[PDB]
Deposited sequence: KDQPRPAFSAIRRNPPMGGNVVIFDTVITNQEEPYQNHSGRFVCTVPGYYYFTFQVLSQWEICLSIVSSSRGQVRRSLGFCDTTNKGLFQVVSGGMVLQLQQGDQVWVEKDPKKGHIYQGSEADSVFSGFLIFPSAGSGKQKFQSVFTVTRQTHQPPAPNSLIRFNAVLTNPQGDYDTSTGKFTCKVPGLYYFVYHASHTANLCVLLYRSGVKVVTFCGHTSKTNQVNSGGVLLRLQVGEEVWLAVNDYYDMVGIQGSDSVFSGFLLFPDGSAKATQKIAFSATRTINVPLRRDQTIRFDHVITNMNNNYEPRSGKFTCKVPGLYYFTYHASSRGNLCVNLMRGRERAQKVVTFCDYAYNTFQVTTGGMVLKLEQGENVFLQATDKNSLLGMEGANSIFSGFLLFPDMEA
């Protein structure tokens, strides 16, 4: 069984060109990613998820581009134009259906291309196979996007009117809702561009699950959020806004919503359906080197996440994707940790905020051995909020169960 999955970061990247080269490989199962060029190469045709979290201090606009038969296919873009010298993370992601030989990479706008260079924090590009193309009725995947210059109405459901992929029709662009056909464990994630305050709320069958808010005046930022949910047939999932409703991106900064089935109910081996999502609801100030506890479990299939510590511990060796979204009111750096009793830093994600509210994100594909821990660790920059209406969440799931 193919297991194509990678993550790479920047450390000593080659200079020049508009392709963003992530030169330092963290994970590269089947070696599809080329660290000398920045390009992922598809061997196994199918549906893949790609995502990036890139650190800037000025203006940055990025886009996930692909090629087929060497013909370039431009796509959505994501920008942060805060432009104040402080760490900002721009994020974006989408499902892509690929053929053998297709390539995928991140490109910067030659006019807005500032990417941090140094050791204080990291930028990451990740991708992994979701479903091989070879089934389709028993899969579920979508990436949809909001193509309009007019923002949603306050306190309303966010309609994504345009489809990038939706092969089962599980997202309905005329209602704005995803409806479950194949019951099981799903990942949902969004990246929404805005130039005024924006809160995005994710609903499941009429109940608010998580909320993430980002504040800005005039300049463009990306609000991100996501969660793993175990759904039954007929359940609905959708995004909405509250009184903070702005989704007006600048030119080149779009808004996307994706979801995909990871583990069907009643298929394969339950011991390998491993996924967790947990939020933080305690507001005690963190101290440097403290493990960040996410105490409230939304999902914890096979109980490999420990909410009382905040640590994931690997039972089933394999490739895992870890991700978080943290609300914050000041400067925040988090170390992503991997190891056993003595854990080691994989990356640090920093996102600074001056007298405002932010949501930041990071993610990583990691190969894990039985017994290895993965968790988030606090630094001296510890502004982290966890509350209804500004959540912080930590999630992880096994790639390639059966």
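Q: Which parts of the deposited sequence have no C-alpha atoms in the model?
A: Absent from the structure are positions 1-2, 137-139, 408-410.
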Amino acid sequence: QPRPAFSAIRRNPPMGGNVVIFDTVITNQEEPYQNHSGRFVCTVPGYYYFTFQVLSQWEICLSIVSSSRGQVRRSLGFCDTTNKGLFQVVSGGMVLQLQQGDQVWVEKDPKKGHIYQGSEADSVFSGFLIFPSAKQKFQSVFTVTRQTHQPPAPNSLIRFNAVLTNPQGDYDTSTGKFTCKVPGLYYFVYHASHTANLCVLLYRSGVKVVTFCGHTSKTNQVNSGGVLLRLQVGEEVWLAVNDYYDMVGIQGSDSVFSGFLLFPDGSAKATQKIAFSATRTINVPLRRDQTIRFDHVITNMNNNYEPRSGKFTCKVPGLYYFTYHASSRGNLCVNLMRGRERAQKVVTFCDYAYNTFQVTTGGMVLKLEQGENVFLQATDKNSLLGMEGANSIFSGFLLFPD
From here on, numbers count along this sequence of modelled residues.
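Q: Per the entry, where is the mean C-alpha temperature factor higher: 367-375 or 345-353?
A: Taking the mean B-factor of the alpha carbons in each, 367-375 is higher.
Q: Quick check on the record: does 356-364 or 332-340 carry the larger mean Cα temperature factor?
A: Per the deposited B-factors, the answer is 332-340.
Q: Just grab whichever of 314, 213, 250, 162 has the top CA B-factor as deposited.
A: Of the candidates given, the C-alpha B-factor peaks at 314.
Q: Kindly indicate the residue among 281, 100, 166, 195 with the greatest C-alpha B-factor in the PDB record.
A: Largest recorded C-alpha B-factor: 281.
Q: Based on the deposited C-alpha B factors for this chain, I'd like to know if residue 246 is in the lowest, middle or highest third.
A: Lowest third, going by the recorded CA B-factors of the chain.
Q: Place residue 91 in the lowest, middle or highest third of its chain's C-alpha B-factors, as listed in the PDB entry.
A: It belongs to the lowest third of the chain when residues are ordered by C-alpha B-factor.
Q: Where does the C-alpha B-factor of residue 254 rank in its chain, lowest, middle or highest third?
A: Residue 254: CA B-factor falls in the lowest third of its chain.
Q: Looking at the temperature factor on the CA atom of residue 104, which third of the chain's modelled residues does it land in?
A: Lowest third of the chain for residue 104's C-alpha B-factor.
Q: Quick check for you: using the entry's CA B-factors within this chain, is residue 6 in the lowest, middle or highest third?
A: CA B-factor rank for residue 6: lowest third.
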